[PDB]
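Participant:
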Amino acid sequence: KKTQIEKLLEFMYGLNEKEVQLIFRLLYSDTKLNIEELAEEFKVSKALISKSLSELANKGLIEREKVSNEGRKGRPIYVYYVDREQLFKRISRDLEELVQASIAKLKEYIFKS
Amino acid sequence: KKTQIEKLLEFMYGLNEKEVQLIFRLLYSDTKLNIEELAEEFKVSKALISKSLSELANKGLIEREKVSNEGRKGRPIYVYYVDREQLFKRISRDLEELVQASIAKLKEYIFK
């Protein structure tokens with residue numbers, strides 16, 4: 001089954017369950033992870049897992065950090081991890097902004113429509 | 114497509130698309146409404162709309178009012194409506210509680 005928290009992250013941020021799972025996979029990782037480690041674990045293409053990580057990183061839910069300027073292919077190399085305080089701060093802030101934007105919109109529906 | 118608010122009510126109260134429309138049909142009415150006109154409007158049987166109205170009233174999302182005990186076979190007759198202040202206060206409070214409960218839960222998961 002899925003927790004209440006999983007269902008909430010999915011709604012707030014428009015993420016599929018796996019993307020949500022990915023956050024918790026990284027939160028309970030001892031080491032930082034690159035694209036190719038994640039693509040092999042999750043059994044998917046680098047393009048797919050890159051899209052998800054990118055969406056998680058833009059939203060500030062995971063950390064994306066450069067560990068090399070040139071990698072075997074001459075491109076920068078990034079690792080992905082979860083910062084526990086940052087993660088908790090981001091969600092809390094997002095949740096307060098969602099509640100306020102909702103109540104405001106509700107007010108307009110229920111009283112001014 | 115679906116309104117974000119409609120999306121929120123579906124998520125919060127486990128309601129389908131038609132239940133939210135039912136709530137808004139009541140909200141936007143100038144009068145209380147009986148099951149016969151609502152069954153007709155929502156194109157379902159009286160039993161079905163009656164079951165839905167009863168479950169929405171037990172969620173507190175709408176109000177019910179018994180107006181007669183003299184339906185066929187002594188079955189009660191009800192009217193349904195939405196108390197606009199109470200609905201605002203309910204959803205507002207439920208939203209605030211959902212967020213605090215969520216933040217507490219993942220505070221213990223991220224840290225404890």
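From first to last, the protein sequence lines are chains A and B. Each residue of the first sequence is one higher than the last, beginning at 1 in the working numbering. Each residue of the second sequence is one higher than the last, beginning at 114 in the working numbering. For each residue, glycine too, the CB sits at the ideal point set by N, CA and C.
#1: Kindly list, in the order they appear in chain B, the residues whose Cβ is closer than 7 Å to that of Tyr109 of chain A.
#2: Kindly indicate the opening and closing residues of the beta strand (DSSP E) around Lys66 of chain A.
#3: State the Cα-Cα distance for the pair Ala104 of chain A and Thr144 of chain B, rounded to the nearest angstrom.
#4: Counting only Cβ pairs nearer than 8 Å, list the residues of chain B close to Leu106 of chain A.
#5: Determine contact between the stretch 152 to 163 of chain B and the stretch 174 to 189 of chain B, defined as no fewer than three beta-carbon pairs at a distance below 8 Å.
#6: If we count the other Cβ atoms within 10 Å of its Cβ and call it buried at 16 or more, is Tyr141 of chain B buried or exposed?
#7: For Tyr191 of chain B, which of helix, strand or coil comes out of DSSP?
#8: Do you know offhand how far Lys18 of chain A's Cα is from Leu53 of chain A's?
#9: Do the CB positions of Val133 of chain B and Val99 of chain A come within less than 8 Å of each other?
#10: What in chain B is Cβ-close to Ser52 of chain A, meaning under 8 Å?
#11: How should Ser158 of chain B be labelled, buried or exposed, when 16 other C-beta atoms within 10 angstroms of its C-beta is the threshold for buried?
#12: Roughly how many whole angstroms lie between the Cα atoms of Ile110 of chain A and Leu139 of chain B?
#13: Can you confirm whether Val133 of chain B, when its beta carbon is compared against all beta carbons of chain E, has any partner nearer than 8 Å?
#14: Assuming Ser215 of chain B contacts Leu95 of chain A under a Cβ cut-off of 8 Å, what Cβ separation, rounded to an integer in Å, is found between them?
#15: For a contact meaning CB atoms closer than 9 Å, what does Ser29 of chain A contact in chain B?
#16: Suppose you measure from the CA of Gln117 of chain B to the CA of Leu106 of chain A; what does that come to, to the nearest Å?
Facilitator: Taking the coordinates as given:
#1: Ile118
#2: 63 to 68
#3: 26 Å
#4: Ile118, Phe201, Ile204, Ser205
#5: no
#6: exposed
#7: strand
#8: 11 Å
#9: no
#10: Result: empty, since nearest Cβ-Cβ is about 20 Å, beyond 8 Å.
#11: exposed
#12: 11 Å
#13: Among the protein chains in the structure shown, which are A and B, there is no chain E.
#14: 7 Å
#15: What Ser29 of chain A touches in chain B: nothing, since even the nearest Cβ is about 14 Å away.
#16: 10 Å
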